[PDB]
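A.B. asks: mmCIF, N, CA and C atoms, file input_33.cif:
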data_upload
#
loop_
_atom_site.label_atom_id
_atom_site.label_comp_id
_atom_site.auth_asym_id
_atom_site.auth_seq_id
_atom_site.Cartn_x
_atom_site.Cartn_y
_atom_site.Cartn_z
N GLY A 1 92.71 -9.71 128.60
CA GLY A 1 92.36 -8.32 128.41
C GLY A 1 92.47 -7.91 126.94
N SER A 2 92.00 -6.71 126.65
CA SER A 2 92.03 -6.19 125.29
C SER A 2 91.39 -4.81 125.24
N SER A 3 91.58 -4.15 124.11
CA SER A 3 91.02 -2.82 123.92
C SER A 3 91.42 -2.27 122.55
N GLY A 4 90.81 -1.15 122.19
CA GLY A 4 91.09 -0.52 120.91
C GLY A 4 91.05 1.00 121.03
N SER A 5 91.28 1.66 119.90
CA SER A 5 91.27 3.11 119.87
C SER A 5 91.46 3.60 118.43
N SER A 6 91.26 4.90 118.25
CA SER A 6 91.41 5.50 116.93
C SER A 6 91.15 7.00 117.02
N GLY A 7 91.68 7.72 116.04
CA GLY A 7 91.51 9.17 115.99
C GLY A 7 91.67 9.69 114.56
N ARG A 8 91.82 11.00 114.46
CA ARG A 8 91.97 11.64 113.16
C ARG A 8 93.02 12.75 113.24
N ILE A 9 93.64 13.01 112.10
CA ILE A 9 94.66 14.04 112.02
C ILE A 9 94.09 15.26 111.30
N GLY A 10 94.86 16.34 111.33
CA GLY A 10 94.45 17.58 110.68
C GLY A 10 95.25 18.77 111.21
N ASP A 11 95.20 19.86 110.46
CA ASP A 11 95.91 21.06 110.84
C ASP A 11 95.72 22.13 109.75
N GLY A 12 96.07 23.35 110.10
CA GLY A 12 95.95 24.46 109.17
C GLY A 12 95.84 25.79 109.91
N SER A 13 96.64 26.75 109.47
CA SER A 13 96.64 28.07 110.08
C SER A 13 97.57 29.01 109.31
N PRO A 14 96.97 29.71 108.31
CA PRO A 14 97.73 30.64 107.49
C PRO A 14 98.04 31.92 108.26
N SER A 15 98.86 32.76 107.64
CA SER A 15 99.24 34.03 108.25
C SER A 15 99.77 34.99 107.19
N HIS A 16 100.16 36.17 107.64
CA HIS A 16 100.69 37.18 106.74
C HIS A 16 101.73 38.03 107.48
N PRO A 17 102.77 38.45 106.71
CA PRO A 17 103.83 39.27 107.28
C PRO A 17 103.36 40.71 107.50
N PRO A 18 103.87 41.32 108.60
CA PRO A 18 103.51 42.69 108.93
C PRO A 18 104.22 43.68 108.01
N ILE A 19 103.46 44.67 107.57
CA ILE A 19 104.00 45.69 106.69
C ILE A 19 104.66 46.79 107.52
N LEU A 20 105.18 47.79 106.82
CA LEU A 20 105.84 48.90 107.49
C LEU A 20 106.99 48.38 108.34
N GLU A 21 107.89 47.66 107.67
CA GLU A 21 109.05 47.10 108.35
C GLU A 21 110.34 47.47 107.61
N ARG A 22 110.85 48.65 107.94
CA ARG A 22 112.07 49.13 107.31
C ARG A 22 113.29 48.64 108.09
N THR A 23 114.12 47.86 107.41
CA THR A 23 115.32 47.32 108.02
C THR A 23 116.46 48.34 107.95
N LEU A 24 116.69 48.84 106.75
CA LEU A 24 117.74 49.82 106.53
C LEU A 24 117.12 51.22 106.48
N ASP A 25 118.00 52.21 106.45
CA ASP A 25 117.55 53.60 106.40
C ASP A 25 117.65 54.11 104.96
N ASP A 26 116.90 55.17 104.70
CA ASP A 26 116.90 55.77 103.37
C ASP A 26 115.99 57.00 103.38
N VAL A 27 116.37 57.98 102.56
CA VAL A 27 115.61 59.21 102.46
C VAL A 27 114.17 58.89 102.09
N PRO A 28 113.27 59.87 102.36
CA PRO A 28 111.86 59.70 102.06
C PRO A 28 111.60 59.83 100.55
N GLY A 29 110.34 59.68 100.19
CA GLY A 29 109.95 59.79 98.79
C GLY A 29 109.39 61.18 98.48
N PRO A 30 108.74 61.28 97.29
CA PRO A 30 108.16 62.55 96.86
C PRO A 30 106.87 62.84 97.63
N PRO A 31 106.76 64.11 98.10
CA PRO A 31 105.59 64.53 98.85
C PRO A 31 104.40 64.74 97.92
N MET A 32 103.44 63.83 98.02
CA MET A 32 102.25 63.91 97.19
C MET A 32 101.16 64.75 97.87
N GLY A 33 100.22 65.20 97.06
CA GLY A 33 99.13 66.01 97.57
C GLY A 33 99.49 67.50 97.54
N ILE A 34 100.06 67.91 96.42
CA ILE A 34 100.46 69.30 96.25
C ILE A 34 99.33 70.07 95.57
N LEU A 35 98.62 70.85 96.38
CA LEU A 35 97.52 71.65 95.87
C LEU A 35 97.69 73.10 96.31
N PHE A 36 97.17 74.00 95.49
CA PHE A 36 97.26 75.42 95.78
C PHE A 36 95.88 76.02 96.05
N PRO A 37 95.50 76.01 97.36
CA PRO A 37 94.21 76.55 97.77
C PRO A 37 94.22 78.08 97.74
N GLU A 38 95.23 78.65 98.38
CA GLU A 38 95.36 80.09 98.43
C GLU A 38 96.60 80.54 97.66
N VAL A 39 96.35 81.27 96.58
CA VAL A 39 97.43 81.76 95.74
C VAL A 39 97.10 83.18 95.27
N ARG A 40 97.90 84.13 95.72
CA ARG A 40 97.70 85.52 95.35
C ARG A 40 98.80 85.97 94.39
N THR A 41 98.92 87.29 94.25
CA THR A 41 99.92 87.86 93.37
C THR A 41 101.32 87.66 93.95
N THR A 42 101.64 88.48 94.94
CA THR A 42 102.94 88.40 95.59
C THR A 42 102.82 87.68 96.93
N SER A 43 101.92 86.71 96.97
CA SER A 43 101.70 85.94 98.18
C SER A 43 100.83 84.72 97.88
N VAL A 44 101.43 83.55 98.00
CA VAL A 44 100.71 82.31 97.74
C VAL A 44 100.83 81.40 98.97
N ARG A 45 100.04 80.33 98.94
CA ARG A 45 100.05 79.38 100.04
C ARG A 45 99.54 78.01 99.55
N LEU A 46 100.48 77.09 99.42
CA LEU A 46 100.15 75.75 98.97
C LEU A 46 100.20 74.79 100.16
N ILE A 47 99.73 73.57 99.92
CA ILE A 47 99.72 72.56 100.96
C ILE A 47 100.15 71.22 100.36
N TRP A 48 100.94 70.49 101.14
CA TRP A 48 101.43 69.20 100.70
C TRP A 48 101.20 68.19 101.84
N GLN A 49 101.59 66.95 101.57
CA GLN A 49 101.43 65.90 102.56
C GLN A 49 102.70 65.04 102.63
N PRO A 50 102.84 64.31 103.76
CA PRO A 50 103.99 63.45 103.96
C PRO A 50 103.88 62.18 103.12
N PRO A 51 105.06 61.61 102.78
CA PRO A 51 105.11 60.39 101.98
C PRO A 51 104.72 59.17 102.82
N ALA A 52 103.65 58.52 102.39
CA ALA A 52 103.17 57.34 103.08
C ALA A 52 104.36 56.46 103.48
N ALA A 53 105.41 56.55 102.69
CA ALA A 53 106.61 55.78 102.95
C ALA A 53 107.77 56.73 103.25
N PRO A 54 107.87 57.13 104.55
CA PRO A 54 108.92 58.03 104.98
C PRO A 54 110.26 57.31 105.07
N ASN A 55 110.19 56.05 105.48
CA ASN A 55 111.39 55.24 105.61
C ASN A 55 112.50 56.07 106.25
N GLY A 56 112.13 56.80 107.29
CA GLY A 56 113.08 57.65 107.99
C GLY A 56 112.38 58.85 108.62
N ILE A 57 112.73 59.11 109.88
CA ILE A 57 112.14 60.22 110.60
C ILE A 57 112.48 61.53 109.89
N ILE A 58 111.45 62.31 109.63
CA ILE A 58 111.62 63.59 108.95
C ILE A 58 112.22 64.60 109.93
N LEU A 59 113.29 65.25 109.48
CA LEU A 59 113.96 66.24 110.30
C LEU A 59 113.46 67.63 109.92
N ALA A 60 112.99 67.74 108.69
CA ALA A 60 112.48 69.01 108.19
C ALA A 60 112.13 68.87 106.71
N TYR A 61 111.77 69.99 106.11
CA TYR A 61 111.41 70.01 104.70
C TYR A 61 112.03 71.22 103.99
N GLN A 62 111.85 71.25 102.68
CA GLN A 62 112.38 72.34 101.88
C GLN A 62 111.39 72.71 100.77
N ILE A 63 111.19 74.01 100.62
CA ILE A 63 110.27 74.51 99.61
C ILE A 63 111.00 75.53 98.73
N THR A 64 111.35 75.09 97.53
CA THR A 64 112.05 75.95 96.59
C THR A 64 111.05 76.69 95.70
N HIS A 65 111.15 78.01 95.73
CA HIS A 65 110.26 78.84 94.94
C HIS A 65 111.08 79.66 93.94
N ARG A 66 110.68 79.57 92.68
CA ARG A 66 111.37 80.30 91.62
C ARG A 66 110.42 80.54 90.45
N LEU A 67 110.80 81.51 89.62
CA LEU A 67 110.00 81.85 88.46
C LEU A 67 110.34 80.90 87.31
N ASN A 68 109.32 80.19 86.85
CA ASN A 68 109.50 79.25 85.76
C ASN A 68 110.12 79.97 84.56
N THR A 69 109.76 81.24 84.43
CA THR A 69 110.26 82.05 83.33
C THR A 69 110.71 83.42 83.85
N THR A 70 112.02 83.57 83.99
CA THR A 70 112.59 84.82 84.47
C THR A 70 114.12 84.75 84.46
N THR A 71 114.73 85.68 85.17
CA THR A 71 116.17 85.73 85.25
C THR A 71 116.63 85.83 86.71
N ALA A 72 117.86 85.40 86.94
CA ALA A 72 118.42 85.44 88.28
C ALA A 72 119.64 84.50 88.34
N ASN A 73 120.09 84.26 89.56
CA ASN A 73 121.24 83.39 89.77
C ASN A 73 120.75 82.00 90.20
N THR A 74 119.92 82.00 91.23
CA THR A 74 119.37 80.75 91.75
C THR A 74 117.98 80.98 92.32
N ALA A 75 117.50 79.98 93.05
CA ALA A 75 116.19 80.05 93.66
C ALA A 75 116.33 80.00 95.18
N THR A 76 115.70 80.96 95.84
CA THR A 76 115.75 81.04 97.29
C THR A 76 114.85 79.97 97.91
N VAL A 77 115.47 78.84 98.25
CA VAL A 77 114.73 77.74 98.85
C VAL A 77 114.63 77.96 100.36
N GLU A 78 113.51 77.52 100.91
CA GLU A 78 113.28 77.67 102.34
C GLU A 78 113.11 76.29 102.99
N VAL A 79 113.74 76.14 104.14
CA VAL A 79 113.67 74.88 104.88
C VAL A 79 112.57 74.98 105.94
N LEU A 80 111.70 73.99 105.93
CA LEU A 80 110.60 73.95 106.88
C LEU A 80 110.87 72.86 107.92
N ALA A 81 110.02 72.83 108.93
CA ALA A 81 110.16 71.84 110.00
C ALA A 81 109.64 70.49 109.51
N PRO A 82 109.93 69.44 110.31
CA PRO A 82 109.50 68.09 109.97
C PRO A 82 108.00 67.92 110.22
N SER A 83 107.40 68.96 110.78
CA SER A 83 105.97 68.93 111.07
C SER A 83 105.26 70.03 110.29
N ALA A 84 105.77 70.30 109.10
CA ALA A 84 105.19 71.32 108.24
C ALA A 84 104.57 70.66 107.01
N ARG A 85 103.27 70.88 106.85
CA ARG A 85 102.55 70.32 105.72
C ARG A 85 102.22 71.41 104.70
N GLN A 86 102.21 72.64 105.18
CA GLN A 86 101.91 73.77 104.32
C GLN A 86 103.02 74.83 104.43
N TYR A 87 102.93 75.83 103.56
CA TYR A 87 103.91 76.90 103.55
C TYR A 87 103.36 78.14 102.84
N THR A 88 103.98 79.27 103.14
CA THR A 88 103.56 80.53 102.54
C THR A 88 104.73 81.16 101.77
N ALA A 89 104.44 81.55 100.54
CA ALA A 89 105.45 82.17 99.70
C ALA A 89 105.08 83.64 99.47
N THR A 90 105.93 84.51 99.98
CA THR A 90 105.72 85.94 99.85
C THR A 90 106.84 86.58 99.02
N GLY A 91 106.49 87.67 98.35
CA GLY A 91 107.46 88.37 97.53
C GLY A 91 107.62 87.69 96.17
N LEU A 92 106.50 87.52 95.49
CA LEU A 92 106.50 86.89 94.18
C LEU A 92 105.92 87.85 93.15
N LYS A 93 106.51 87.83 91.96
CA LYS A 93 106.06 88.70 90.88
C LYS A 93 104.75 88.15 90.31
N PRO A 94 103.74 89.06 90.21
CA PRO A 94 102.44 88.68 89.69
C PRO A 94 102.49 88.51 88.17
N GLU A 95 101.49 87.81 87.65
CA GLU A 95 101.41 87.57 86.22
C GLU A 95 102.58 86.70 85.76
N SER A 96 102.79 85.62 86.49
CA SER A 96 103.87 84.69 86.17
C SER A 96 103.57 83.32 86.76
N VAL A 97 104.55 82.43 86.64
CA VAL A 97 104.40 81.08 87.16
C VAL A 97 105.60 80.75 88.05
N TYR A 98 105.31 80.08 89.16
CA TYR A 98 106.35 79.70 90.10
C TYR A 98 106.33 78.19 90.35
N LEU A 99 107.53 77.62 90.37
CA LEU A 99 107.67 76.19 90.60
C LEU A 99 107.99 75.94 92.07
N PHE A 100 107.11 75.20 92.72
CA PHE A 100 107.29 74.89 94.13
C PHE A 100 107.76 73.44 94.31
N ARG A 101 108.99 73.31 94.77
CA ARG A 101 109.57 71.99 94.99
C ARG A 101 109.60 71.67 96.48
N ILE A 102 108.80 70.69 96.86
CA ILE A 102 108.72 70.27 98.25
C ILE A 102 109.61 69.05 98.46
N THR A 103 110.36 69.08 99.56
CA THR A 103 111.25 67.98 99.89
C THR A 103 111.34 67.80 101.41
N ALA A 104 111.80 66.63 101.81
CA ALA A 104 111.94 66.32 103.22
C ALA A 104 113.41 66.07 103.54
N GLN A 105 113.75 66.24 104.81
CA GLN A 105 115.11 66.03 105.26
C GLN A 105 115.16 64.93 106.32
N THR A 106 116.00 63.94 106.06
CA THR A 106 116.15 62.83 106.98
C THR A 106 117.61 62.68 107.40
N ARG A 107 117.90 61.55 108.04
CA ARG A 107 119.25 61.28 108.50
C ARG A 107 120.15 60.90 107.33
N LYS A 108 119.50 60.62 106.20
CA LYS A 108 120.23 60.25 105.00
C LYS A 108 120.44 61.49 104.13
N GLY A 109 119.45 62.37 104.15
CA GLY A 109 119.52 63.59 103.37
C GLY A 109 118.13 63.99 102.87
N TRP A 110 118.11 64.54 101.66
CA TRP A 110 116.87 64.97 101.05
C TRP A 110 116.50 63.96 99.97
N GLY A 111 115.31 63.39 100.11
CA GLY A 111 114.83 62.41 99.16
C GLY A 111 114.10 63.09 97.99
N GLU A 112 113.19 62.34 97.38
CA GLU A 112 112.43 62.86 96.26
C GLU A 112 111.85 64.23 96.60
N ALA A 113 111.48 64.96 95.55
CA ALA A 113 110.92 66.28 95.72
C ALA A 113 109.70 66.44 94.81
N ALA A 114 108.64 66.99 95.38
CA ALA A 114 107.41 67.20 94.63
C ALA A 114 107.42 68.60 94.02
N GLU A 115 107.32 68.64 92.70
CA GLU A 115 107.32 69.90 91.98
C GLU A 115 105.89 70.31 91.62
N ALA A 116 105.53 71.51 92.03
CA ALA A 116 104.20 72.03 91.76
C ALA A 116 104.30 73.48 91.30
N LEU A 117 103.69 73.75 90.15
CA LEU A 117 103.71 75.09 89.59
C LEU A 117 102.47 75.85 90.06
N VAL A 118 102.62 77.16 90.17
CA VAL A 118 101.53 78.02 90.61
C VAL A 118 101.71 79.42 90.02
N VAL A 119 100.64 79.92 89.43
CA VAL A 119 100.67 81.24 88.82
C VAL A 119 100.26 82.28 89.86
N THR A 120 100.73 83.50 89.65
CA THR A 120 100.42 84.59 90.55
C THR A 120 99.43 85.56 89.91
N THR A 121 98.24 85.61 90.49
CA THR A 121 97.20 86.49 89.98
C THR A 121 95.96 86.41 90.87
N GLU A 122 95.03 87.32 90.61
CA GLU A 122 93.79 87.36 91.37
C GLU A 122 92.71 86.52 90.69
N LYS A 123 92.83 86.43 89.37
CA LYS A 123 91.88 85.66 88.58
C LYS A 123 92.17 84.17 88.74
N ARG A 124 91.21 83.46 89.32
CA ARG A 124 91.36 82.03 89.54
C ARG A 124 91.31 81.29 88.20
N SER A 125 92.24 80.36 88.04
CA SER A 125 92.32 79.57 86.82
C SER A 125 92.75 78.14 87.15
N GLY A 126 92.05 77.19 86.55
CA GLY A 126 92.35 75.79 86.76
C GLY A 126 91.69 74.92 85.69
N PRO A 127 92.52 74.45 84.73
CA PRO A 127 92.03 73.61 83.65
C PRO A 127 91.76 72.19 84.14
N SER A 128 92.64 71.72 85.02
CA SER A 128 92.51 70.39 85.57
C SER A 128 92.44 69.36 84.44
N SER A 129 93.53 68.62 84.28
CA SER A 129 93.60 67.60 83.25
C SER A 129 94.97 66.92 83.29
N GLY A 130 94.98 65.66 82.87
CA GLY A 130 96.21 64.89 82.85
C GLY A 130 96.26 63.92 84.03
#
Could I get this file's structure written as structure tokens?

C.D. replies:
Amino acid sequence: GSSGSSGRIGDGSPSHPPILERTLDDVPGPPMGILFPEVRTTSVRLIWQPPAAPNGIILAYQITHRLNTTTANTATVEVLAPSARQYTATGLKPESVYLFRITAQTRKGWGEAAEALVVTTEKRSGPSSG
């Protein structure tokens, strides 16, 4: 009796690790997308967005409004819900500038904060640059 045989070898199969994999906890980042669509004298309304990298369930947010140039003791910051993308600021002095600091609240605390300035007036103005 007798017989023979033969074959060939080979292999290959690349892959990639899945993103969005937070092992540890940590406060969120700065809320980007701070634009002022509606801004009046003593009443403004800006809109922001959540941080692509929350790295933690948002419990709420904070919007600090104050006069960039004025006097006082502190700034009356307001806490928003974790499902708040926009906010309304009432009781602002016209013919001035206000700094809007947006922040989120997690199980760790308050992470980065997005600062956005907005003037109070009826005359629309926007240089757009930088």

A.B. asks: Rank nothing, just name the residue among A:88, A:96, A:120, A:128 nearest to residue 69 (chain A), using only N, CA and C atoms.

C.D. replies: A:96

A.B. asks: Excluding residue 123 (chain A) and its own-chain neighbours fewer than 6 positions away, which residues fall within 8 Å of it when counting all atoms listed in the file? Please give them as a ChimeraX atom specification.

C.D. replies: /A:39-41

A.B. asks: Please provide as number ranges by chain all residues within 9 Å of residue 78 (chain A), with the sequence filter that same-chain residues fewer than 4 positions apart are discarded (counting only C-alpha atoms).

C.D. replies: A: 61-65

A.B. asks: Step by step, work through what the PyMOL selection byres ((chain A and resi 29-37) around 6) selects in the shown file, and finish by giving those residues as JSON, numbers by chain.

C.D. replies: {"A": [27, 28, 38, 39, 45, 46, 47, 48, 49, 50, 51, 53, 54, 102, 111, 112, 113, 114]}

A.B. asks: Take CA of residue 116 (chain A) and CA of residue 95 (chain A) and report the distance between them in Å, one decimal.

C.D. replies: 16.7 Å

A.B. asks: Between CA of residue 103 (chain A) and CA of residue 126 (chain A), measure the distance and give it in Å to one decimal.

C.D. replies: 24.3 Å

A.B. asks: Here's the selection I'm unsure about, the PyMOL selection byres ((chain A and resi 58-60) around 7); applied to the file above, which residues does it give, as a ChimeraX atom specification?

C.D. replies: /A:54,56-57,61-62,79-84,103-107

A.B. asks: What does the PyMOL selection byres (((chain A and resi 8-24 and name CA) around 9) and name CA) select in this file, as a PyMOL selection string?

C.D. replies: chain A and resi 6-7+25-26+53+55-56

A.B. asks: Just how far from CA of residue 66 (chain A) is CA of residue 52 (chain A), in Å to one decimal?

C.D. replies: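 Distance reported for this atom pair: 26.9 Å.
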
A.B. asks: May I ask you to restore N, CA, C and O atoms in region 61-75 of chain A and write the result as an mmCIF file, keeping the file's coordinate frame?

C.D. replies:
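The resulting file, selection32.cif, is shown below:
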data_model
loop_
_atom_site.group_PDB
_atom_site.id
_atom_site.type_symbol
_atom_site.label_atom_id
_atom_site.label_comp_id
_atom_site.auth_asym_id
_atom_site.auth_seq_id
_atom_site.Cartn_x
_atom_site.Cartn_y
_atom_site.Cartn_z
ATOM 1 N N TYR A 61 111.770 69.990 106.110
ATOM 2 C CA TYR A 61 111.410 70.010 104.700
ATOM 3 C C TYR A 61 112.030 71.220 103.990
ATOM 4 O O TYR A 61 112.632 72.077 104.633
ATOM 5 N N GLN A 62 111.850 71.250 102.680
ATOM 6 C CA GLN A 62 112.380 72.340 101.880
ATOM 7 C C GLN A 62 111.390 72.710 100.770
ATOM 8 O O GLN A 62 110.852 71.836 100.096
ATOM 9 N N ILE A 63 111.190 74.010 100.620
ATOM 10 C CA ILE A 63 110.270 74.510 99.610
ATOM 11 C C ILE A 63 111.000 75.530 98.730
ATOM 12 O O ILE A 63 111.223 76.666 99.145
ATOM 13 N N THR A 64 111.350 75.090 97.530
ATOM 14 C CA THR A 64 112.050 75.950 96.590
ATOM 15 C C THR A 64 111.050 76.690 95.700
ATOM 16 O O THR A 64 110.226 76.066 95.031
ATOM 17 N N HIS A 65 111.150 78.010 95.730
ATOM 18 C CA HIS A 65 110.260 78.840 94.940
ATOM 19 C C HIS A 65 111.080 79.660 93.940
ATOM 20 O O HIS A 65 112.036 80.339 94.323
ATOM 21 N N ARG A 66 110.680 79.570 92.680
ATOM 22 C CA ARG A 66 111.370 80.300 91.620
ATOM 23 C C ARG A 66 110.420 80.540 90.450
ATOM 24 O O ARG A 66 109.403 79.871 90.315
ATOM 25 N N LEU A 67 110.800 81.510 89.620
ATOM 26 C CA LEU A 67 110.000 81.850 88.460
ATOM 27 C C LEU A 67 110.340 80.900 87.310
ATOM 28 O O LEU A 67 111.489 80.840 86.874
ATOM 29 N N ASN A 68 109.320 80.190 86.850
ATOM 30 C CA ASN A 68 109.500 79.250 85.760
ATOM 31 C C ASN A 68 110.120 79.970 84.560
ATOM 32 O O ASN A 68 110.884 79.383 83.800
ATOM 33 N N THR A 69 109.760 81.240 84.430
ATOM 34 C CA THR A 69 110.260 82.050 83.330
ATOM 35 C C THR A 69 110.710 83.420 83.850
ATOM 36 O O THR A 69 109.882 84.295 84.100
ATOM 37 N N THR A 70 112.020 83.570 83.990
ATOM 38 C CA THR A 70 112.590 84.820 84.470
ATOM 39 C C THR A 70 114.120 84.750 84.460
ATOM 40 O O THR A 70 114.697 83.876 83.809
ATOM 41 N N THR A 71 114.730 85.680 85.170
ATOM 42 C CA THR A 71 116.170 85.730 85.250
ATOM 43 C C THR A 71 116.630 85.830 86.710
ATOM 44 O O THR A 71 115.871 86.277 87.572
ATOM 45 N N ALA A 72 117.860 85.400 86.940
ATOM 46 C CA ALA A 72 118.420 85.440 88.280
ATOM 47 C C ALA A 72 119.640 84.500 88.340
ATOM 48 O O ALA A 72 120.121 84.041 87.313
ATOM 49 N N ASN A 73 120.090 84.260 89.560
ATOM 50 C CA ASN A 73 121.240 83.390 89.770
ATOM 51 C C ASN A 73 120.750 82.000 90.200
ATOM 52 O O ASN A 73 121.136 80.998 89.609
ATOM 53 N N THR A 74 119.920 82.000 91.230
ATOM 54 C CA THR A 74 119.370 80.750 91.750
ATOM 55 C C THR A 74 117.980 80.980 92.320
ATOM 56 O O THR A 74 117.371 82.025 92.104
ATOM 57 N N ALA A 75 117.500 79.980 93.050
ATOM 58 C CA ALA A 75 116.190 80.050 93.660
ATOM 59 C C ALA A 75 116.330 80.000 95.180
ATOM 60 O O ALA A 75 116.996 79.111 95.717
#
